[PDB]
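Asks: Part one of the assembly, not moved from where it sits:
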Amino acid sequence: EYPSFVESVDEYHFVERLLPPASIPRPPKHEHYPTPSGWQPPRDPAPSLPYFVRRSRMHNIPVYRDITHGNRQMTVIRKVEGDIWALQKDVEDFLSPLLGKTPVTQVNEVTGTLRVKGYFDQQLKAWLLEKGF
Amino acid sequence: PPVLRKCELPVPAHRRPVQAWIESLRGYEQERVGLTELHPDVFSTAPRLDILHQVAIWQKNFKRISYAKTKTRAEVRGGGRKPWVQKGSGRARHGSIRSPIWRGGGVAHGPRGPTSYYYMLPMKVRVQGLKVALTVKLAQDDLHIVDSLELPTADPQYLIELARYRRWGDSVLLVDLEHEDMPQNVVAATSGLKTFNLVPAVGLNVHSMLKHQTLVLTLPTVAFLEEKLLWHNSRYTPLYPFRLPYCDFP
Amino acid sequence: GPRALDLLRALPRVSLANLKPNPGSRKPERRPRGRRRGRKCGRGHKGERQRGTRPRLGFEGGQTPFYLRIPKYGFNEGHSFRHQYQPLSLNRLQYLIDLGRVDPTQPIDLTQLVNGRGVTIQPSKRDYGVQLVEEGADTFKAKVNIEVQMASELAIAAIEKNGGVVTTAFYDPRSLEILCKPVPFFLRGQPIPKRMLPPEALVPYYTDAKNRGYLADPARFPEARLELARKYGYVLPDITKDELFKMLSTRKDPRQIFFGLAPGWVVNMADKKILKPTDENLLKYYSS
Amino acid sequence: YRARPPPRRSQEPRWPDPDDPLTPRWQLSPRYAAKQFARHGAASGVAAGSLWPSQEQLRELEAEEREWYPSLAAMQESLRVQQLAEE
């Protein structure tokens, strides 16, 4: 008592839209930057500085904020390749006028991480965008 | 005829591919047959010895199941009654004669049944461990790229002489692309050797890479490893396990 | 760059004999052995604490407990039946469009958002889909055919300003799971079911043109759009004479879950084929 | 030495013996056959007409839908009556 059925292939092209991608697509090229969402691609040539802050897998700056014990506020700069000591020097020189004193920093050379004491995530993101990373 | 291998995946503009020699397993003296380029994000990442230790410990431990079990005081045969009355006897008070204090009594805590020490490291951590193992193997001059993994004879002594002539080391691990495609000559040569171990591409791991002093890779194996390891750097999280169909993944 | 690689040349071979975890990664365990950690082993003197017979957490030693002297009031009453809607900011939607996660050239659906990882829907946790919020309406500069379950009035105004289409539809939990994860449903081997109608509590929401309901009268859509444009002081774009008018006006049947596909079809992905029922009773059931 | 052959997941359909009393019931339920057809289709050997509900199953489904899913017109009428009563 099996009902009769029709086997067709024409409508199968709709199933292609329902398959999610396993990889992250490269961002589309825009005629004007920055994009309305504020995203901005890195410069075509790499800067001559002796360090490189590699972009995230979602094409964003690896600058984050961290909280510990509920009151310890920190900023984490990740994906740093090169002279992380030079990067720390540049960051402290950039942040000294803002705070009136040398910011407290910790350098993880085996990992390639800079850890500044306090929330300077947006300021560091803007600084890295201006510097071209 | 030189054999030249170029990277098949987009290399970041700020990093240059690392060059390596391509040897051959046919002749003793012919140690420079071609040149290959390897992605910096696989063979030239930063050496994370902590990640290597994490991956090695995970490999040693997740498969472990300890079949150790000792009987507690509730599982020893007898000890169902008080050996003597609580008062008047003049000796210490006891309940079951199978208490941990007694001679034939049960174990207080001991090991309890088969214990599974199973945990699964995050996938990106495991991939980074593989990358770091390959990178340190290349950096310490213990990685050698060959082509097609072919041998003239099926004599293990031939491999022994070749290794001691090229100063590869006491232990060599040869990796081929596919299990069924390994040539019979090298298969028979390595079937009779202990320190010369031959594994397929899918059988590469940090534990064996560290166990064996020298790693030998073919060009298809290098390309396969490069493609498999560089996929996780620009991938989404799995909505469902990747064995299921995806738009761009098998 | 990586000077550690050059440093490793002088160092001896990296093997299993010289491996060390990161300092501070593994805090060493401490056992009740020795002079300091013995002699009651951190348990105290007599009482219930040293013998491990303490009361439960809420107990206060016979006093009426704090968690029991407070009167019962409905706070989580009926929590497992309240409708939940994951918010999606216009700012986040613009970010996804700019980064290429979702293509504005095609009708944006819940499946497309899930594939682009912009939202995460857990139907078992009583989520009923995605709602649109206006948190980024000032800088929204995209023309999309959005398809959500709830939409804010300001978000609708912002989208119509750029010239998109906002449609609010209802999805029962089964169809919502199917939309969120279509590939597992296609591997499940079951025919596509019909889309259940919204309950009486949500029928007024989805049958009004002010909310752009999918069951609303299409004749009242232009009136609502004009009222919105007059309220927010922008000219209503000439959507009809747009190049992508077909993509902007594409719609799902109220009993339809996917685009193009119909209830009762079986998607055999192994052979890349579609099986359609032909029985009169089956067709009537699936189209009713 | 030479490594053992790698563990590979076979792609051919699997059918447990229905005569074995020790086989689990979840491997004999119709959902298993439907999932096998979805995974393979041609190689599974399952008649595609069994996926759709039979006559009795369709009757039960229609009865359940009629009892627990009111029509749009009826629901709108009930809503109108409720608003009229509240007003």
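Replies: Received, thanks. Numbers count the residues shown, from 1 in each chain, chains lettered A, B, ... in the order given.
Asks: Next to chain D, which bits of chain C? Give me the list.
Replies: C:186-191, C:196-197, C:199-200, C:203-204, C:207, C:215, C:264, C:266, C:268-271, C:273, C:275, C:277, C:279, C:281-282, C:285 (Cβ under 8 Å from any Cβ of the partner chain). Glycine gets a C-beta too; all of them are placed from N, C-alpha and C.
Asks: so what's residue 60 up against?
Replies: This is for chain A. residue A:39 (Cβ atoms under 8 Å, 6 or more residues apart in numbering or on different chains).
Asks: my bad, the chain I had in mind was chain B
Replies: Counting by Cβ under 8 Å, 6+ apart, residue B:60 has contacts residue B:207.
Asks: doesn't it fall inside a strand?
Replies: No - looking at residue B:60 with DSSP: H, G, I helix; E, B strand; the rest coil, it is helix, so not inside a strand.
Asks: any idea how far the closest residue to residue B:2 other than its chain neighbours lies from residue B:185?
Replies: Of all residues not flanking residue B:2 in the chain, residue B:34 sits nearest, at 5.5 Å (Cβ to Cβ, 6 or more residues apart in numbering or on different chains). To residue B:185, residue B:34 is 21 Å away according to Cβ to Cβ, to the nearest Å.
Asks: Equivalent analysis for residue C:9, please.
Replies: Residue C:9 is 34 Å from residue B:185, by Cβ to Cβ.
Asks: Close to chain C: what parts of chain D are there?
Replies: D:31, D:34-42, D:48, D:51-53, D:55, D:58, D:61-62, D:69, D:72, D:75-76, D:78-79.
Asks: The following sequence is to be added as chain E:
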Amino acid sequence: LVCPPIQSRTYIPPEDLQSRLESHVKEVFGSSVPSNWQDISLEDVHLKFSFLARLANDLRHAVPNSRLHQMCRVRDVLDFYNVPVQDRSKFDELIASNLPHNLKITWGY
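Replies: So that you can see how it sits with the rest, here is chain E on the chains above:
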């Protein structure tokens, strides 16, 4: 299939290293010599492989796999070949480093 004797891997840079480098650069590139022949890049993979292989065959010393990415120019190759390589260990160096009269070391292996 006879095993050749294993080389000692002891490298001493000869006096004619510059002339050998110039001759090999000519024999590899096959074009007109520029004013600064030491600043030519080794970007071309075929030319770099041929030059390195010829140098290894000539000097019985090949560049290690880790230093191939470092070898970018003929100047870098000259810097690599200007430094000697010693195969003897610390004990072997100490034995031949003119031990004093009251220091006796005997190998026990």
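Asks: which stretches of the chain form strands?
Replies: You didn't say which chain, so I picked chain A. Taking DSSP state E as the criterion, chain A carries its strands at A:5-8, A:51-53, A:63-68, A:72-77, A:80-82, A:105-108, A:113-117.
Asks: out of those, which comes closest to chain B?
Replies: Smallest distance to chain B across the strands of chain A (Cβ to the nearest Cβ): 5.0 Å, for strand A:51-53.
Asks: Sheet partners, orientation included, of that closest one?
Replies: strand A:80-82 (antiparallel) (DSSP bridges).
Asks: Flag every buried residue along the strand it pairs with.
Replies: For strand A:80-82, the neighbour count (16 or more other Cβ atoms under 10 Å in any protein chain shown) marks A:80-82 as buried.
Asks: Closest one of those to residue B:159?
Replies: residue A:81 (39.4 Å; Cβ to Cβ).
Asks: ok, the closest one touching residue A:49?
Replies: No - counting by Cβ atoms under 8 Å, residue A:81 stays clear of residue A:49, with 11.1 Å between them.
Asks: Let me know the helix or strand that the residue of chain B found nearest chain D is in.
Replies: Proximity of chain B to chain D (Cβ to the nearest Cβ) peaks at residue B:199, 4.4 Å away. Using DSSP states H and E, residue B:199 maps to strand B:196-200.
Asks: quick one: is the next helix or strand after that strand near chain C?
Replies: Next along the chain after strand B:196-200, taking DSSP H and E as the criterion, comes helix B:206-211. Yes - contact of helix B:206-211 with chain C (Cβ under 8 Å from any Cβ) involves B:207, B:210-211.
Asks: one more, chain F:
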Amino acid sequence: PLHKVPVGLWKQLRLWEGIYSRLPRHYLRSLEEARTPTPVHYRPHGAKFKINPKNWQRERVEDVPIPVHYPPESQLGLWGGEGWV
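Replies: Chain F now in position relative to the chains above:
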């Protein structure tokens, strides 16, 4: 160690093996089938779904038969399917 076959299937395996396998097929299937007896001491409910009066939600509801003890003297008469509760 563990039994290969769970204890629940021991009776079925004993019926499958031996002289029990030589019994007629219709008899074997008549004993194998297990029809639910009609409700006698408990009142069944009609619908499979019911609206919870306190929750005002539709919930699945099923029938749980009440265990009835049949004394040995019930086999010598016709009690109508009822016994001792």
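Asks: near chain C, anything from the strand holding residue B:199?
Replies: No - using Cβ under 8 Å from any Cβ, we find that strand B:196-200 stays clear of chain C, coming within 15.2 Å at best.
Asks: Could you do stretch B:170-185 as well?
Replies: No - applying Cβ under 8 Å from any Cβ, one finds stretch B:170-185 out of contact with chain C, separated by at least 9.8 Å.
Asks: for that stretch, which positions count as buried?
Replies: B:171-177, B:179, B:182, B:185.
Asks: Just the ones of the residues you listed in strands?
Replies: B:172-176.
Asks: which residues in chain F form strands?
Replies: Under DSSP E, chain F gives strands at F:49-51, F:58-60.
Asks: Of all these, which one is nearest residue A:57?
Replies: Using Cβ to Cβ, the nearest of the strands of chain F to residue A:57 is strand F:58-60, at 45.2 Å.
Asks: Which neighbours in the sheet does the closest one have, and how are they oriented?
Replies: Short version: by DSSP bridges, strand F:58-60 pairs with strand F:49-51 (antiparallel).
Asks: And the contacts of the partner strand?
Replies: By Cβ under 8 Å, 6+ apart, strand F:49-51 touches D:68, F:57-61.
Asks: which residues sit in contact with residue E:74?
Replies: Counted by Cβ under 8 Å, 6+ apart, residue E:74 has contacts E:21, E:25, E:37-40, E:42.
Asks: got the contact list for residue C:196?
Replies: Contacts of residue C:196 (Cβ under 8 Å, 6+ apart): C:170, C:172, C:174-175, D:69.
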